[PDB]
Structure formats: structure tokens, C-alpha cells
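This report refers to the structure that appears directly beneath it.
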Amino acid sequence: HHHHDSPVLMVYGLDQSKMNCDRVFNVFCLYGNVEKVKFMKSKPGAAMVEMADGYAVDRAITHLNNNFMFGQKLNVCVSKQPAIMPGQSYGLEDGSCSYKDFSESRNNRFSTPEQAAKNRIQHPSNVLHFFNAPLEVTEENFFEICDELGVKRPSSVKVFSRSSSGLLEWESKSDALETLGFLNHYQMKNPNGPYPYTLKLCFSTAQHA
């Protein structure tokens, strides 16, 4: 027999101080639609993540298992529990909600076949591809954001000459993955529009920025 089918992942090795539901979404949304994230008081460093389907679970396991974040190995496994019930929510170490439902997030990337086709699913690398940044974005903007978030500045930034896109490179895969968790969907001032830009990040297969 094979593993019992399930749209729910168990992730172990999350940093108890630094991770929260939104930051988990920030990593896992690269691999499929994220429906729910649940931290459990009884299970330190672990979260259940419900994806849209079993295929998204397969993608997340294939790509994120055995990667490292904040000096810890991430272990991404199929959950024997195939649905998440909220239970009694609590505050995480940062005070944020232990449970979040992302089913209605505008930041899910695989909600339609046309949208899904514009995503490339790749392994974690030391290079992030950014999209939906302001037109006049510079390396300096990224440095300040990283400084303010308390994450490592990228060692190299390329802004490709609506919005800007480009590449952000760190010295290590762990640095980029940590920053992905913090920086994905960061809100940037729009000097010429009604809403700010939601910065969108993906992994790149480009060797360098």
C-alpha cells in the first residue's frame, strides 16, 4: 500500500520565535494553494498546512523537505489527518493567531488553470525572483526593507530595466528561504496609484542575480 491520500501536510522544524501562519503561507504558497495553517500548542515547532489538493502536498514535500531555515531542518510530510479543525486558537510567541484560514486570500497563485500556468514550481535556491514591485524600485529599497524586517540584505540585486521585476540573490539557500518567509507579500508604497504594491516572490533557477 501507499500513503493514505491527504491534502494536509505536517511540517516540523519551524522556528518557534520567528514563524507564524502568514510566514508559513509565504513559503508554501510557492507550491500550491494554501487553505489553512494550524500551529498546535501540544506540538512545538510543528504546523499543519492544508493545501488545495494532494498534488500540492506532493510538490511541497518534494521541494521543501530536507531544506534548512534558521539553523533547523524542515521536515515536510503527509498528515494522516486530512482536514484541519481550528480547535481553540492561541497566541504564538509573536502574539499572532495560531490558526489562519487562507481559502479567500488574493495571494494564492494556483486558483485557476491560467494563473497556475504562470507559476513555475522550483526547488529552493539562493536566488529569489521578485514581481509586482514599484516602477522606480532600487537595490536601496530592498536593503532598507531587509534591515527593517531583521533579515539579511541580499548580496546582489538586479532590477530588470505597471511594475518592476528582477532578482534578489543571497550567499546561501537558507538566507533566501528565511527572507522569503519574511518578505513575501511585503506592501510597498505606490507613488502613482490607489493601492500599494504587494511584492511577490518565487524561487529562481537563475544562477545569480
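With this note's numbering, the residue at position 80 of the sequence shown is 73, and numbering never jumps.
Built from N, CA and C at the ideal position, the CB exists for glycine as well.
Residue burial classification, residue i (beta-carbon count within 10 angstroms, cutoff 16)
i	result
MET78	exposed
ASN183	exposed
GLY25	buried
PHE21	buried
Residue i - DSSP class collapsed to helix/strand/coil
i	result
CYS70	strand
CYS22	coil
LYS193	strand
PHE32	strand
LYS182	coil
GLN65	strand
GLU43	strand
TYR83	coil
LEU2	strand
C-beta atoms of residue i and residue j nearer than 8 Å
i	j	result
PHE18	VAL30	yes
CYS139	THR172	yes
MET41	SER72	yes
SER91	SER104	no
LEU170	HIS122	no
Minimum C-alpha distance to residue i - residue among the options
i	options	result
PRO0	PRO147, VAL50, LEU160, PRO127	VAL50
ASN185	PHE136, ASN134, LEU128	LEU128
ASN125	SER156, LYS151, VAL152	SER156
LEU57	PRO117, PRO189, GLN200, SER167	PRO117
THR55	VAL69, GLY64, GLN65, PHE63	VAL69
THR131	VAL152, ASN119, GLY143, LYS193	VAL152
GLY6	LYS34, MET62, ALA202, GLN74	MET62
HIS(-4)	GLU137, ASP87, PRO75, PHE136	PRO75
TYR48	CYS14, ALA109, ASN59	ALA109
8 Å Cβ cutoff, residue i in contact with chain B
i	result
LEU23	The structure shown contains no chain B, having only a single protein chain.
Next item on the list: Please go through the stretch 132 to 191 and give each complete beta strand (DSSP E) segment of 3 or more residues, from N-terminal end onward.
Entry: Within the stretch 132 to 191, the complete beta strand (DSSP E) runs of at least 3 residues are 149 to 152, 157 to 162.
Note to self: At 4 residues or longer, what runs of the alpha helix (DSSP H) sit wholly inside the stretch 103 to 134?
What the structure shows: 106 to 109
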